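Colleague: Take this structure, written in structure tokens, and hold onto it; I'll ask about it next.
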Amino acid sequence: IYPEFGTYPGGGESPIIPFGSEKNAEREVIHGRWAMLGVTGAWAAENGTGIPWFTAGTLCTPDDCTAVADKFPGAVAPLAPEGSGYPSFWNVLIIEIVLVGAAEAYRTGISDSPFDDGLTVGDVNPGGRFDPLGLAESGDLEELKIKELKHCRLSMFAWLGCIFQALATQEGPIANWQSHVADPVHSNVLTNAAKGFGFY
Amino acid sequence: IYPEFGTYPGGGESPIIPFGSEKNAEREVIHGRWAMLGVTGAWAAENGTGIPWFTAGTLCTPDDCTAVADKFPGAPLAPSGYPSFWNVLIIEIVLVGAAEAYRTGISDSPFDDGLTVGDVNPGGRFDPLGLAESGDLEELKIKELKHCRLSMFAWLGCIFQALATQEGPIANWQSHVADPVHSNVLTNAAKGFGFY
Amino acid sequence: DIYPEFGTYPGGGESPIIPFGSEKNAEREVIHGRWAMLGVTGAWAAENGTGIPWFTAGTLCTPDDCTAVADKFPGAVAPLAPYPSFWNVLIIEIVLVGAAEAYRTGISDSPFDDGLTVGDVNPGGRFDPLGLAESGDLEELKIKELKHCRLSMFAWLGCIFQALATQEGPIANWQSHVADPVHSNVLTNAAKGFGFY
Ligand SMILES: CC1=C[C@H](O)CC(C)(C)[C@H]1/C=C/C(C)=C/C=C/C(C)=C/C=C/C=C(C)/C=C/C=C(\C)CCC1=C(C)C[C@H](O)CC1(C)C
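Protein chains in written order, with our numbering: chain A, 33 to 232; chain B, 901 to 1096; chain C, 51 to 247.
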């Protein structure tokens, strides 16, 4: 259901853009799960540490990646020994791209499917293996599907936000949010347009 | 008649961007009217006041929109710092929200005048002179969409130019007329847009 | 395996991303890319011959005059200028290119009328002077040109993008990258902030 605006892929069509390829539905949902994780990560990283997500791109560089050690709120220990440099960027990126590429190739059937029970390639939400808690079978899986997709679109809008705010304010989404909640009259996009977004 | 590149929706129907729905034709002509009003409003704003159109909002302020009071040439817009930005905004939100709800039909009908909800240029009521019936309607809609498209392209130019020159549309007009060959787009790029 | 790269060619198979139903854009991709390949190729050739970036090569010429190119070419036995004037080369450029466009798209009559249909992107009847069209099979050679066409369009997009980020020039960016690839790339230039941040 979409009383707010638009509709879901199963029924109806967007007047703003024709449906086109089907696989856009699959593409949209995965994009949204990713933006959910990205926005939440931006939110929580800048909540605990304070640094914006976009600046946090340089959180690890081939010369400087041991900086990340113990950069987590309340973390029991640092990620790696402090000042060792053993948490090199080369290592952490290699491990990352290995685990991601394996997950994505198993997702899309590039390589194989290690699990032998269904798990059809090309589905948003199989739920054989990727539902350990049984909340889909518990009920309202379809309601949860609409809920999922709406959270997807909201989070992609939020991520497009966080990108835009970075491009204009250069301050970070939570810092912008705190500034807006403190004095909403004089902390908005248009007063930043009046200052000229820095570039003007 | 539309003897120009492309084709009006419902005619020959040969678009660059695929014709997804009629509703895009509706959005084009409605964007076109608002861009018509935007272009002529900017033109009159800065030939009268002398400021860039985009800074007009900057000249108004939430605390003092009396900064824009009586900016109109040849005319007391308001007597005290009475005109507030929220004041004009709440009058505004009511009027434009009514008019839009009335146009699309989310609210009830204003009147039982034979009007068709959701259709452009229905005419009759919205034509006090009756030009729609006095002239043949078809070529008149062609002119409607043609001027709509021209003003939209003008508005796209004005926004991108406010981004480029940072001086406003008359300033581009004046820079271009006083020196056509130099002080143009490619000289502005040559000397830099202020960033390079 | 002809075109195992991502996607499919316009003649056969629907795209993987953007659906389409018009053959006009299928024509247009290959001409846009051909124009790109000439642009990108000239990017190296010019930037290597003169040692300046292509985007400042545009403004090297002024409306008042265009003499900067005189003896700017590498190995020129005689400079092209002896009227090194922009408008003198402009009218001849716009007339020659305009005529070419009219002749290739059908605005004006073809000067040869050798059967080259303007609608056809491959009027080999007068084109491919070497005659490689008939020396080898045409289909594979269509694919090869197309692949390069897409390659060079993406390279032009990336070229212009790097132009806007670093303003140092595509091949100067290349030299900086190969000099120290670890600490010279898009992400370290974004760490500097592309100059604007
Ligand atoms: C966690 C975190 C912390 C670190 O510190 C830094 C870090 C970078 C690592 C970071 C990690 C980041 C990650 C993983 C991000 C993932 C992002 C993703 C996948 C975003 C998706 C973005 C999606 C967009 C734009 C879509 C736009 C589409 C739009 C508007 C149109 C929608 C639309 C449709 C089709 C039909 C309607 O009817 C009408 C309209 C036209 C409106």
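C-beta atoms are modelled at their ideal positions from N, C-alpha and C, and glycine is treated no differently.
1) Residue 163 (chain C) to residue 151 (chain C), Cα distance in whole Å?
2) Output the distance between the C-alpha atoms of residue 54 (chain A) and residue 187 (chain A), rounded to the nearest integer angstrom.
3) Quick one: give me the first and last residue of the alpha helix (DSSP H) that residue 176 (chain A) is part of.
4) Applying the criterion that 16 or more other CB atoms from any shown protein chain within 10 Å of the CB defines a buried residue, is residue 214 (chain C) buried or exposed?
5) Do residue 113 (chain C) and residue 85 (chain C) count as a contact pair if the criterion is CB distance below 8 Å?
6) Where do the N-terminal and C-terminal ends of the alpha helix (DSSP H) with residue 229 (chain C) fall, by residue?
7) Taking only beta-carbon atoms, is residue 903 (chain B) less than 8 Å away from chain C?
8) For a contact defined as C-beta to C-beta under 8 Å, what are the partners of residue 52 (chain A) on chain C?
9) Assign residue 1002 (chain B) to one of three DSSP states: helix, strand, or coil.
10) Between the Cα of residue 178 (chain A) and the Cα atoms of A:108, A:64, A:49 and A:226, which residue gives the shortest distance?
11) Just reading off the alpha helix (DSSP H) that residue 223 (chain A) is part of, what are its end residues?
12) Should the stretch 941-950 of chain B be called in touch with the stretch 1069-1084 of chain B, which here means at least 3 C-beta pairs below 8 Å?
13) Could you give the residue range of the alpha helix (DSSP H) that holds residue 166 (chain C)?
14) Less than 8 Å between the C-beta atoms of residue 119 (chain A) and residue 111 (chain A), yes or no?
15) On a CA-only basis, which of B:956, B:1008 and B:1018 is nearest residue 972 (chain B)? Give me that one, please.
16) If you drop the 5 nearest sequence neighbours on each side, which residues of the same chain put their C-beta closer than 6 Å to that of residue 217 (chain C)?
17) In terms of residue numbering, what span does the alpha helix (DSSP H) encompassing residue 923 (chain B) cover?
18) Return the residue from the list C:55, C:109, C:67 and C:208 that minimises the CA-CA distance to residue 1089 (chain B).
19) Measure the C-alpha to C-alpha separation of residue 192 (chain A) and residue 62 (chain A) and round it to an integer number of angstroms.
20) Is the CB of residue 972 (chain B) under 8 Å away from at least one CB in chain C?
21) Can you confirm whether residue 1093 (chain B), when its beta carbon is compared against all beta carbons of chain F, has any partner nearer than 8 Å?
22) How close, in whole Å, do the beta carbons of residue 968 (chain B) and residue 1054 (chain B) come, if the pair is a contact with beta carbons under 8 Å?
23) Since residue 1022 (chain B) and residue 1015 (chain B) should fall inside the 8 Å C-beta cutoff, what is the C-beta to C-beta distance between them, to a whole number of angstroms?
24) Return the chain-ordered list of same chain residues with a C-beta closer than 7 Å to the C-beta of residue 33 (chain A), the five sequence neighbours on each side being excluded.
25) Under the criterion of a Cβ to heavy atom distance below 7 Å, does residue 210 (chain C) qualify as lining ligand 1?
26) Taking 8 Å as the threshold (C-beta atoms), are residue 950 (chain B) and residue 966 (chain B) in contact?
27) Along chain B, which residues have their Cβ under 8 Å away from the Cβ of residue 213 (chain A)?
28) Going along the stretch 1063-1089 of chain B in order, which residues come within less than 9 Å of chain C, judged by CB to CB distance?
29) Can you find a C-beta in chain B that's less than 8 Å from the C-beta of residue 100 (chain C)?
30) Give the range of the alpha helix (DSSP H) segment to which residue 958 (chain B) is assigned.
31) Taking 7 Å as the cut-off, is the C-beta of residue 27 (chain A) nearer than that to any heavy atom in ligand 1?
32) With a Cβ-Cβ cutoff of 8 Å, do residue 60 (chain C) and residue 76 (chain C) count as a contact?
33) Please check the pair residue 246 (chain C) and residue 1095 (chain B), which I expect to be a contact at CB under 8 Å, by giving their CB distance rounded to whole angstroms.
34) For residue 133 (chain A), name the three-state secondary structure that DSSP assigns.
Modeller: Concretely, from the data shown:
1) Along the third sequence, read from residue 1 onward, the residue named residue 163 (chain C) stands at position 113. Along the third sequence, read from residue 1 onward, the residue named residue 151 (chain C) stands at position 101. Cα-Cα distance, rounded: 15 Å.
2) Residue mapping note: residue 54 (chain A) aligns to position 22 of the first sequence, counting from 1. Residue mapping note: residue 187 (chain A) aligns to position 155 of the first sequence, counting from 1. Their Cα atoms are separated by approximately 22 Å.
3) Stepping through the first sequence from its first residue, residue 176 (chain A) is reached at position 144. Residues 173-200.
4) The residue given as residue 214 (chain C) occupies position 164 in the third sequence. Exposed, by the Cβ-count rule.
5) To locate residue 85 (chain C), count along the third sequence from 1; it is residue 35. To locate residue 113 (chain C), count along the third sequence from 1; it is residue 63. No, Cβ-Cβ distance for residue 85 (chain C) and residue 113 (chain C) is not below 8 Å.
6) Along the third sequence, read from residue 1 onward, the residue named residue 229 (chain C) stands at position 179. Run containing residue 229 (chain C): 220-229, per the alpha helix (DSSP H) assignment.
7) Here residue 903 (chain B) is taken as the residue at index 3 of the second sequence, counted from 1. Judged by the 8 Å Cβ criterion, residue 903 (chain B) is not in contact with chain C.
8) Locating residue 52 (chain A) in the first sequence gives position 20, counting from the first residue. What residue 52 (chain A) touches in chain C: 68 and 69.
9) The residue labelled residue 1002 (chain B) in the question sits at position 102 within the second sequence. Helix.
10) The residue given as residue 178 (chain A) occupies position 146 in the first sequence. For residue 178 (chain A), the nearest C-alpha among the options comes from A:64.
11) Residue numbering aside, residue 223 (chain A) sits at position 191 when the first sequence is read from its first letter. It spans 221-227 - the alpha helix (DSSP H) in which residue 223 (chain A) sits, taken as one unbroken run.
12) Yes, the stretch 941-950 of chain B is in contact with the stretch 1069-1084 of chain B.
13) Position 116 of the third sequence, counted from the start, is the residue given in the question as residue 166 (chain C). For residue 166 (chain C), there is no enclosing alpha helix (DSSP H), as DSSP marks it with neither H nor E.
14) For the purposes of this step, residue 119 (chain A) is taken as the residue at position 87 of the first sequence. For the purposes of this step, residue 111 (chain A) is taken as the residue at position 79 of the first sequence. Cβ atoms of residue 119 (chain A) and residue 111 (chain A): closer than 8 Å.
15) Along the second sequence, read from residue 1 onward, the residue named residue 972 (chain B) stands at position 72. Nearest option by C-alpha distance: B:956.
16) Position 167 of the third sequence, counting from 1, holds the residue named residue 217 (chain C). Cβ within range, chain order: n/a, list empty.
17) Here residue 923 (chain B) corresponds to residue number 23 of the second sequence, with the count starting at 1. Segment 922-948, the alpha helix (DSSP H) holding residue 923 (chain B).
18) Here residue 1089 (chain B) is taken as the residue at index 189 of the second sequence, counted from 1. Nearest option by C-alpha distance: C:109.
19) In the first sequence, residue 192 (chain A) corresponds to position 160, counting from 1. In the first sequence, residue 62 (chain A) corresponds to position 30, counting from 1. If you take the alpha carbons of residue 192 (chain A) and residue 62 (chain A), they lie about 16 Å apart.
20) For the purposes of this step, residue 972 (chain B) is taken as the residue at position 72 of the second sequence. With 8 Å as the cut-off, residue 972 (chain B) does not count as an interface residue toward chain C.
21) Among the protein chains in the structure shown, which are A, B and C, there is no chain F.
22) Locating residue 968 (chain B) in the second sequence gives position 68, counting from the first residue. Locating residue 1054 (chain B) in the second sequence gives position 154, counting from the first residue. Residue 968 (chain B) to residue 1054 (chain B), Cβ: 24 Å. No contact.
23) Numbered from its first residue, the second sequence carries residue 1022 (chain B) at position 122. Numbered from its first residue, the second sequence carries residue 1015 (chain B) at position 115. Taking the Cβ atoms as the reference, residue 1022 (chain B) lies roughly 6 Å from residue 1015 (chain B), within the contact range of under 8 Å.
24) Here residue 33 (chain A) is taken as the residue at index 1 of the first sequence, counted from 1. Closer than 7 Å at the Cβ level, and outside the excluded window around residue 33 (chain A), lie 178.
25) Counting from 1 along the third sequence, the entry for residue 210 (chain C) is found at position 160. Outside the cutoff, so no.
26) Looking up residue 966 (chain B) in the second sequence gives position 66. Looking up residue 950 (chain B) in the second sequence gives position 50. No.
27) On the first sequence, residue 213 (chain A) is found 181 positions in, with the first residue counted as 1. At a C-beta separation below 8 Å, residue 213 (chain A) has no neighbours in chain B, since its nearest C-beta there lies roughly 17 Å away.
28) 1081, 1082, 1084, 1086, 1087 and 1089
29) One-based indexing of the third sequence puts residue 100 (chain C) at position 50. No, its Cβ sits nowhere closer than 8 Å to a Cβ of chain B.
30) Numbered from 1 along the second sequence, position 58 holds the residue referred to as residue 958 (chain B). First-last of the alpha helix (DSSP H) with residue 958 (chain B): 954-959.
31) Outside the shown range of chain A, which is 33 to 232, sits residue 27 (chain A), and nothing can be said about it.
32) The residue you call residue 60 (chain C) lines up with position 10 of the third sequence. The residue you call residue 76 (chain C) lines up with position 26 of the third sequence. The answer is yes: Cβ separation under 8 Å.
33) Translated into the one-based positions of the third sequence, residue 246 (chain C) becomes position 196. Translated into the one-based positions of the second sequence, residue 1095 (chain B) becomes position 195. Rounded, the Cβ-Cβ distance is 7 Å, consistent with contact.
34) Here residue 133 (chain A) refers to the residue found at position 101 of the first sequence. Helix at residue 133 (chain A).
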